[PDB]
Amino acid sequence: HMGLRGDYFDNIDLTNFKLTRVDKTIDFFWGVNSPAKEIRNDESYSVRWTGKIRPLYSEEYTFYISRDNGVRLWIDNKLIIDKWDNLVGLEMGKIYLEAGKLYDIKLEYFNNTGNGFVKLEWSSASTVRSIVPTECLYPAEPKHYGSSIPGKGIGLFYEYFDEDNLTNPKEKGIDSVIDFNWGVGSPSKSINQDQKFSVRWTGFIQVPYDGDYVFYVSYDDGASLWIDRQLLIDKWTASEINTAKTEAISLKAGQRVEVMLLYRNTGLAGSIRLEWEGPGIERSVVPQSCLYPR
C-alpha cells in the first residue's frame, strides 16, 4: 500500500479523533471547509500523518512545507521542521538519507480558522523538486482511538449562542462528547468568529459502574457545572484558563445524573473538556456511550 495514514481530529491540538484514512500524498488545499464530512465544518481541525518514506538516492534531501497553519515534520525520528504556529508559511528542513531505506515519517498539522492547506515536497541533487510521491510513502497501521466503556449513549444536547452570556442562540443539536479546542474559532460557522460566544450542554450521564466518581472541567475561559441541579463548579466569571473538579460522588451503575454544563469564551482562544475518573476509569473524556440528551 501507498500513501500515509492520516488521523483527522476535530480540534486544533490533535484531540478528538474523528476519521482515519490513507492519503496518497500530503497535498491538500481545504479552503474554509472541512477535510471530511466527519470533521465539523468550523475551521478548527488538525491532522497527523504517519508511515514510512523511501528515498531513491543516497543524498541530502530538502523537505519543503507550505502551510496554513502549523506544521511539525519528523523524518527518521528527527524533527526537521518545527513550525507549530498561527502564521502562514510558504518552510524547509534537510536530512541525509540512504537509497532504498525505509524511514519513519510523521507530519502534524493544524488549521486555526480561515483557509487550511498543507503541501509536502522534496528535492535532492538527483530529485527534481516535487510533491513527495505516493510510491515513496507507506501508511502506518491505524492507532485505536475511543473509549472501552460500553453504553447506549449518543451525546449531550447543545445550544450555541452568539453572545458570551448564553443569549442570541444560533444552533442546536447533539455533541458526541465535550472535548473541544477551537483555538480562536467558533463552534459552528453559524456563530460569528469573534472569540466571544457561549454554549449550554444539557442531558444525562448514565453511570457505567458502581463506585466513586470525580468530574473535571477544563476551560478557557468560563464554565459552570450543574450535577443533579447542584452547582458544583461555579467558574462563569473566572476569566482564566484553568481546570476545576467536583468532590468525589458515590454513584451506582445505571444511575442517571442530570447535567447542565455552561461554557464561554470571552476573548482569544476557547476550549472546554468534560472528564471523569471513576472505578476502572482513569481521568478521561466522559464518553459518548454514557451521554444522553434526554
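All residue numbers refer to positions in the sequence shown, first residue = 1.
Asks: Per the entry, how many residues of the deposited chain go unmodelled between residue 79 and residue 80: none, 1 to 3, 4 to 9, or 10 or more?
Replies: None; the chain is continuous from residue 79 to residue 80.
Asks: Out of 172 to 180 and 133 to 141, which stretch has the higher average CA B-factor listed in the record?
Replies: Per the PDB entry, the higher value belongs to 133 to 141.
Asks: In the PDB record, does 259 to 267 or 32 to 40 carry the higher mean Cα temperature factor?
Replies: Of 32 to 40 and 259 to 267, the stretch with the higher C-alpha B-factor average is 32 to 40.
Asks: Checking the entry, which one of 227, 251, 47, 56 has the top C-alpha B factor?
Replies: Comparing C-alpha B-factors across 227, 251, 47, 56, the maximum falls on 56.
Asks: Which of these has the highest Cα B-factor in the record: 218, 202, 86, 195?
Replies: Each of 218, 202, 86, 195 was compared by C-alpha B-factor; the highest is 86.
Asks: Give the position of residue 97 by CA B-factor within its chain, expressed as the lowest, middle or highest third.
Replies: Residue 97: CA B-factor falls in the highest third of its chain.
Asks: Comparing residue 11 with the other modelled residues of its chain, is its CA B-factor in the lowest, middle or highest third?
Replies: Lowest third.
Asks: Among all modelled residues of this chain, ranked by Cα B factor, put residue 4 in the bottom, middle or top third, i.e. lowest, middle or highest.
Replies: According to the entry, residue 4 has a C-alpha B-factor in the chain's middle third.
Asks: Taking the chain's C-alpha temperature factors as the reference, tell me which third residue 151 falls into: lowest, middle or highest.
Replies: Its C-alpha B-factor, which the entry lists for residue 151, ranks in the middle third among residues of this chain.
Asks: Would you please rank residue 112 by its C-alpha temperature factor against the other modelled residues of its chain and give the third it falls in: lowest, middle or highest?
Replies: According to the entry, residue 112 has a C-alpha B-factor in the chain's lowest third.
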